[PDB]
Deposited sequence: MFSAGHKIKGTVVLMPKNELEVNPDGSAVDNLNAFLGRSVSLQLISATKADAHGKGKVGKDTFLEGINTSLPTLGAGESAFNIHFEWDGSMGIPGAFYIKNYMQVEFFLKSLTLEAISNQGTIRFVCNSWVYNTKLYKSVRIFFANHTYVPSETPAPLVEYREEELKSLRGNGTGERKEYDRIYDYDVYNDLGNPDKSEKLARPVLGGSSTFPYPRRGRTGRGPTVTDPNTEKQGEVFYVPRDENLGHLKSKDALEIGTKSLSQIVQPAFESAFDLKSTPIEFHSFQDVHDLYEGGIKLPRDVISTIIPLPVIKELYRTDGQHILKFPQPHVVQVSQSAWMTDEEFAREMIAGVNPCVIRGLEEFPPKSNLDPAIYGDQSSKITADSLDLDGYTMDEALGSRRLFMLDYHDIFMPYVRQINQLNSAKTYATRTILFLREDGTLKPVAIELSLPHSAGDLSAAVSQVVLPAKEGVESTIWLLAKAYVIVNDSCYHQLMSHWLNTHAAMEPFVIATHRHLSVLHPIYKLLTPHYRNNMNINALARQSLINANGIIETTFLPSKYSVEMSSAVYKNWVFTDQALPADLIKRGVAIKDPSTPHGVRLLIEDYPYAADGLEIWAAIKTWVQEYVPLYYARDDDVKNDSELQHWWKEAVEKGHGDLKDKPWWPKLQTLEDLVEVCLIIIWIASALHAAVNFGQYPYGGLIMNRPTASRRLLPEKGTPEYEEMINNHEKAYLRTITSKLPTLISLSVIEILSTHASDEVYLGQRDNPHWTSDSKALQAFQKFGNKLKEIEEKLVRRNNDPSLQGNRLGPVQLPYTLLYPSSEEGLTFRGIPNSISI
């Protein structure tokens, strides 16, 4: 009596950026089945004999690209029971990627499926044998008794002991602080503060790498050529062009030096002179020396970012925001519209008092009452009283965020900034109108009003640029990096440390983690590190990541839920008569209106999945894996905030739903909404300037005269210089691209991720609901009454929360995870 099995795997070279299939035969790969129902004398499931792959199975039609299938037969007599797990031992010298095992039975119901999706190195490298479980879901108390120890031992394998340098083939999840970003052993000027583990610099934890201390600072971790992630977080890709995450490394270590050399050799003018010089980047391109182009175009990923003639030309793609109107970005209407439908749509707040007030210490900064007067504003005939009472006043407030850093920034050689406020008025036609900008300095502090003619219209244009320099920095460092990438990683770590792969909540959440540790590790190495891409292109330079620590002090997990966010920002009110429980004070608000549809669908899914496994509130309390998971995520992963009173306790069904819903929301729709618009809106540097280099010119200076005679040059002298523009355009093009192997909301990588047909059916309903939401959002973008805020003068429909997308730079599609 034998059991027929099929093993599907991919050899190593299919997923890299030579293999031989017959080498897998012979005695080179062993599997041993493990009983779920018959135990040995110590209560452990009985283990069968070593069994080797017999032959190649080419007669299998369900195979995907790069996959190979092998037949196997298992001798399994009547003493052995029913198999529920297996061990595998790879005796080859090379690792392979194990997809699945499927055992055949007389009936289709008796098929047993194992979904593995795991790299398997040579067995001498591992401390304990690699084990895999069948696809049945179990809360711990429901685990078959012969599998209990194994389930617990594998969780111990994933946690390690807190020590040691991590090597490529390790699968060990643990926490550390952000002490790996500085490079003091290269130069003292590259020292950076440790972020995390203090009340001065609180921060989420990141994945532990264990490379040990620098020579000059025992607090900082020494450099490495590879920044470890647990092996099965280091994703391979069938197509080299899909390894976008690796492009950030190539950009920093190969492309940026090549660009810098072109500027050092005066082979191209160092500054833009006119707005046409910027538009040229996507029309005729920029001309560079042949050795720079020959440095750039052989590189995977990087070569996809540009068109070239192979000799002198690099062209950038035309950004969405200039596809219909080259100039509409300059309009006040677009400036305000992008606050509710642009790259960073989640900062604007309602104003219930006037004037707005500061929360900083007057002993250090001064009177910080706004200098905006009520009677200087044109509110289309409303008094201030009426506008406040009707909730038609809003603001973009960067005053208290930036004021503590402006002095230090303004002492950097390549930066000058204001701390800004923007007052907006909601017209009767439903669009926002900017009515005043306040530009403040600590320790002059000016109010600028709109103006279409004269030198004052140029001053207004520059005031908008300083606002958007604030907003670009806040978007990249806080809305994007802190609130999604950095805040999510500790939950990834805790999940693998404490929820068995068997666990229903592991299965629910882990699709929403795909590639997140991997892109984050590459970002610590090349994006957010000292002298990295963010420091050399965004305003705060060496203060960039530490500013995000100051903002994390006020981060609140439960305020990341979309309805809570909208209430807290005063852009909606609670209203149980509405379908979503909130009424939007800006009715057409596209990010919020579309987001509420997606939020509701995810909520329905979580609410239909959890009660499959947790019938009563007690069942949540009694799940030891779930309780250890949430205790560790809060008290280690976000441990600098562990004292705060707003953390859910996780003692009820409602808590479990809330926590799962918020995590899925951050990782999918929130990240998509702030990420995939970066090149579409920001690929024109004038529209989203990353830095400012001077303050407003004083009257009677040649800089003031220039401002009168050549507004374009005055604008370009103020914002990001040409060389950092090239670098930042390249990085946000990468970050805005969907890889062809992306897994979107409503999709999963394997359709047999669980054997529970009820869960499978609830998941199908979720995917159907998303397709109907997409149709609803299409209709909104076609509704002429919503054109003012959904399309605007740039005539660009808001598609960033359409759930589906094709590959590429599409301005749509919601991935499952923080994948790029």
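Q: Could you list the ranges of the deposited sequence that have no C-alpha atoms in the model?
A: Unmodelled stretches, in sequence order: 1-5, 23-28, 455-462.
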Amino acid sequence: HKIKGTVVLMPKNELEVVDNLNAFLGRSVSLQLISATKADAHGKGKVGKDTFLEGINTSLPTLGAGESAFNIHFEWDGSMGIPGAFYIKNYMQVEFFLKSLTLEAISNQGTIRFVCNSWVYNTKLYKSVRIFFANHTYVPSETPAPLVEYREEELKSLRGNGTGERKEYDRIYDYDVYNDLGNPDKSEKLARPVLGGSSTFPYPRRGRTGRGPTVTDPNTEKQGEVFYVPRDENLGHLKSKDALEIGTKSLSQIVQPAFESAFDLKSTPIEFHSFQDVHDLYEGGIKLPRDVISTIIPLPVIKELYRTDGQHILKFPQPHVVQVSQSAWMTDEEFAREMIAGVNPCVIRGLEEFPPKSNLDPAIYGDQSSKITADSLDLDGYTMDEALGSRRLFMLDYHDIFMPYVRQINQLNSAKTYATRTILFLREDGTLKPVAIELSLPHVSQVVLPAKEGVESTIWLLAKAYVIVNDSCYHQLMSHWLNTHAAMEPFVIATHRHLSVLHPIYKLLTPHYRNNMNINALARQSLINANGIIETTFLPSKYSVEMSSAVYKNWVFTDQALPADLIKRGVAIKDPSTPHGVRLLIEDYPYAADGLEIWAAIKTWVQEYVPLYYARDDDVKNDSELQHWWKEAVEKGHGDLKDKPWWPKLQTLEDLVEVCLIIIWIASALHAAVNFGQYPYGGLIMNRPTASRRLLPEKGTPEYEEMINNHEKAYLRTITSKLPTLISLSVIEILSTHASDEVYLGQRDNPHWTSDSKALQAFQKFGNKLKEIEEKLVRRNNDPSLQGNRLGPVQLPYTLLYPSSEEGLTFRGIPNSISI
From here on, numbers count along this sequence of modelled residues.
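Q: Output the stretch having the higher mean C-alpha B factor in the entry; the candidates are 290-298 and 262-270.
A: On average, C-alpha B-factors are higher across 262-270.
Q: Between 115-123 and 486-494, point out the one with the higher average CA B-factor as the PDB entry records it.
A: Stretch with the higher mean C-alpha B-factor: 115-123.
Q) Which has the highest CA B-factor per the PDB entry: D180, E742, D623, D643? A) The record points to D643.
Q: Go through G430, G110, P563, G207 one by one and give the residue whose Cα B-factor in the PDB entry is largest.
A: Largest recorded C-alpha B-factor: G110.
Q: Tell me, lowest, middle or highest third: where does the Cα B factor of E245 rank within its chain?
A: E245: CA B-factor falls in the middle third of its chain.
Q) Can you tell me which third, lowest, middle or highest, the CA B-factor of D619 falls into for its chain? A) Middle third by C-alpha B-factor.
Q: Consider only the C-alpha atoms of the modelled residues in this chain, order them by B-factor as the entry records it, and name the third containing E168: lowest, middle or highest.
A: Tercile = middle for this residue's CA B-factor.
Q: Comparing against every modelled residue in the chain, figure out the third that the C-alpha B-factor of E654 lands in (lowest, middle or highest).
A: For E654, the deposited C-alpha B-factor lands in the highest third.
**Q.** CA B-factor ranking of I3, expressed as a third of its chain
**A.** For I3, the deposited C-alpha B-factor lands in the highest third.
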